[PDB]
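Take a look at this one chain, the form deposited in one PDB entry, written out in C-alpha cells.
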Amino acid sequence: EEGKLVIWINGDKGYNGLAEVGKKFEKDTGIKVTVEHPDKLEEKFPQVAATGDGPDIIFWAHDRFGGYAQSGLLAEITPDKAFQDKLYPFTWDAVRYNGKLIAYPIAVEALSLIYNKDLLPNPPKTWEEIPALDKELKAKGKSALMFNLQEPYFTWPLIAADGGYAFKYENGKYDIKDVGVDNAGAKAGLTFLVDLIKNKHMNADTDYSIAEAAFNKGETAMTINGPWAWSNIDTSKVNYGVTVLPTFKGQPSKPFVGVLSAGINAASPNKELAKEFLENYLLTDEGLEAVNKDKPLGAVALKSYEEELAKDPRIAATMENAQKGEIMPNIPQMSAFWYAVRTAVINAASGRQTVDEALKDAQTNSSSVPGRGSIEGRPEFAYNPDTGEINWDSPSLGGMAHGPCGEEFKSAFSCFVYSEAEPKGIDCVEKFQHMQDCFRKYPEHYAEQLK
C-alpha cells in the first residue's frame, strides 16, 4: 500500500519490460513501481483484495473484469475524452461493464497456428488433415503439434468451430440463459481433440511448457500459442511462422479473443498515481514498446503504435484469427464457463468421461443455477469459518434447514460454505438443483420460487 505503486501481471507476459517503464515513472515522480507475477493471479486477486491486500492495479484479459467489478473490487477509470480517442473503440467496449469503463485496454490477444517453416513449407490448411500429416511426420520421430491441453483457452478454438459457443449474444447483451457448450458443434470438436489423443497423436497431459519446449526444440512442426510466446521461439530460434488456424469440419477455427487490460484496485491508496502511470507512461509508443520488446503484446489498443505495426506478418495473422473468432464476454459468468470447459476437457480427454457425459455437465456447470438466494449471502452467517461448524438453528437460515427439504438445503448449503472451487460453489450445482427440485414438491411451503 502506502503512497507508492505495486502491480500484478501474468507470468507469461513481459513484466520485466513493465518494471522497466516503472523505473522511468519512479525516476520522474519518486514513486517506486513494483511489478509482481503471482500464480492463479486471476483467482488470487478477488481473494486478496477483500482482505486488505491486493495490488494497486492488476493486469489480465478483460473477460475476467466483469466479475471483479460486480464484487466492487475495481475503481471506475476516468480517462480524458481525448485519451479515449487514442485507443480503438472496440477495445474500450470490451472493458466497459454496466456503462462504467473499469479498466484500460492494452492489447488484443488471439491464438494463432504456429508452424515450423523448416519442417512444414505449407501449413495444414485443415484440422482433420493433421492425422494424415502427423502420419508421414511420425515417420521421423516428430508429432504434428503440441499445445497446452490443461487450459480450455487453447482447446476452445476447435470446440467452437462447428457451432460451439459460450454465451449467445441475445438482444443487446450476453444471455446467460443461452449456453452452447453441449450442442452438436461443441461435441464435433471435443470428439476430434480426444480423437487425436487416442490415436496417440498427442498425450493428454501436455502443458504450456511441455508444449513450448516441444516447439522451441524443433520437436514438433506445430503448436498453438499467442504473441507472448513468440519471444522464446526467437531466442532459441526455430525459424517459425505464424499463420491462420486450421479449419475444422469446414468453417474456421475461432479463438476467444482477449484484451489484456489494467485494472485499478478499489482499495488502492494510489488511485491517481495509477492513472498517471497507465495513462501517461504505459499507454504510449515508448511504454508499450518496453513491454513488447520483452514479451510481444501483439496488436495493441493504441492507434498510433498499432497502425504502423500491422505491418508485421505475425501480427496480421493474429488479427486474421481474431476475426475468425469472437471477442470474449466480460460478464461475471465467464469464471464459471471456464470452470465447466476446463473440467469437461480434462475428463472427456483423459477417458474419465465421454464427450457426451463431459459436455452435458459443462452445460449444467455453465448455466445459471437456482437456490443462490436461500444459501449465498445472509444465510452464511450460520457458518463459523474458525471452527468450520454450522448452526442449523441460526435465524439467518430462515429455518430453511428444518422442513420438507431441510436435508436437501443442508446438503447444498454446507457444500457451498465448505467450497474452495473457482468460483466458490461451482462444484455444488447439482446439489443446488437437487434442493430446487425439492422446493417444487412443497410449493405452498416455499416462496424461494417467487421468480
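C-alpha atoms forming the largest set that superposes within 1.5 Å between two forms make up the rigid core. Don't overthink the numbering: it's just position in the shown sequence, from 1.
Form deposited in another entry: not shown, discussed below.
A 2 Å or larger CA shift between the shown form and the other one, after fitting on the rigid core, occurs at just one of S350, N183, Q251, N280, namely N280. Compared with the form shown here, the C-alpha atoms of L359 and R64 sit at least 3 Å farther apart in the other entry.
Cα of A322 to Cα of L87: at least 3 Å shorter in the other entry than in the shown structure.
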